[PDB]
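Given as structure tokens, the chain that follows is alone and in the form deposited in one PDB entry.
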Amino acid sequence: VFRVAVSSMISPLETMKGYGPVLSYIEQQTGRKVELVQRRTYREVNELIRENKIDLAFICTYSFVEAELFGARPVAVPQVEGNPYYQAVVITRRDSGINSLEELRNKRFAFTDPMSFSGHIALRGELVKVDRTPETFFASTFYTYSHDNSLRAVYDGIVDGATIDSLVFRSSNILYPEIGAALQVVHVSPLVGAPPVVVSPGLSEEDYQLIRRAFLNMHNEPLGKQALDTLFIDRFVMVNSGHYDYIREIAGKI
């Protein structure tokens, strides 16, 4: 059995963003039955990696900075439009009159996960530049544990702004154009490496190279092309650990 972790509340069987085809692709290329190990939080997935209780994990860029240090091996990173990188985007409603990050002072704000770069840490980094924290900058904050629920909260006026994954913003705009069309990007983070795929510290060199071959060749296999459509990405390319140095920089400055 091949244990694959995700930090996501999206079902693999979801009509719109169901990533079941990714699991089917891994089954075909490994010859192993895939077991999905789904958790709400990044912390839970990183603990499973630390304790060598899974084989393969889809983790966030901040999670990767920690996971690298307890021996998680990088497999691949998604590429969209030639770019294996992404950024945090700060989103408001176009009709809000809130047109910049400064205009979100004393407003209600949404984060995703305490360990999310694009959903939390990137914005903590922007506020260091004006010598503030979220707690002293915004009227209130909240963790949604969902980029899509953060988007829906901005759309509904529940919060005035949210920080989300540039790639989820892109995929949301394709699937749910009604949410996006009402929304504007008022601020963006610096560029960082895209969320990487890793294998556990314990997986064999044989199995690693097999999984690395499978991800880097996914765009060449018909079932792989189907899996890339469910993930809204062009292909997987090799990880460059240097592409997460901005996150290591912010981390050092809490």
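Throughout, rigid core stands for the largest set of C-alpha atoms superposing within 1.5 Å between the two forms. We number the residues from 1 along the sequence you see.
In what follows, reference is made to the form deposited in another entry, a form of this protein that is not presented.
Novice: Which listed residue, 37, 223, 48, 188, is the one whose CA shifts 2 angstroms or more between the shown form and the other one with the rigid core aligned?
Specialist: Residue with a C-alpha shift of 2 Å or more: 223.
Novice: Kindly check if the Cα atom of residue 158 is displaced 2 angstroms or more between the shown form and the other one relative to the superposed rigid core.
Specialist: For residue 158, whose C-alpha is compared between the shown form and the other one after core superposition, the shift is less than 2 Å.
Novice: After a core superposition, would you say residue 65 shifts its C-alpha by at least 2 Å between the shown form and the other one?
Specialist: False for residue 65: its C-alpha shift is below 2 Å.
Novice: When you overlay the rigid core, is the Cα of residue 240 off by 2 Å or more between the shown form and the other one?
Specialist: No, shifts by less than 2 Å.
Novice: Pin down for me whether the residue 10-residue 123 Cα distance shrinks or grows in the other entry relative to this form (closer or farther, change of 3 Å or more).
Specialist: Closer in the other entry, by 3 Å or more.
Novice: Taking the shown form as the reference, report whether the CA atoms of residue 165 and residue 10 lie closer or farther apart in the other entry; the distance changes by 3 angstroms or more.
Specialist: Closer in the other entry, by 3 Å or more.
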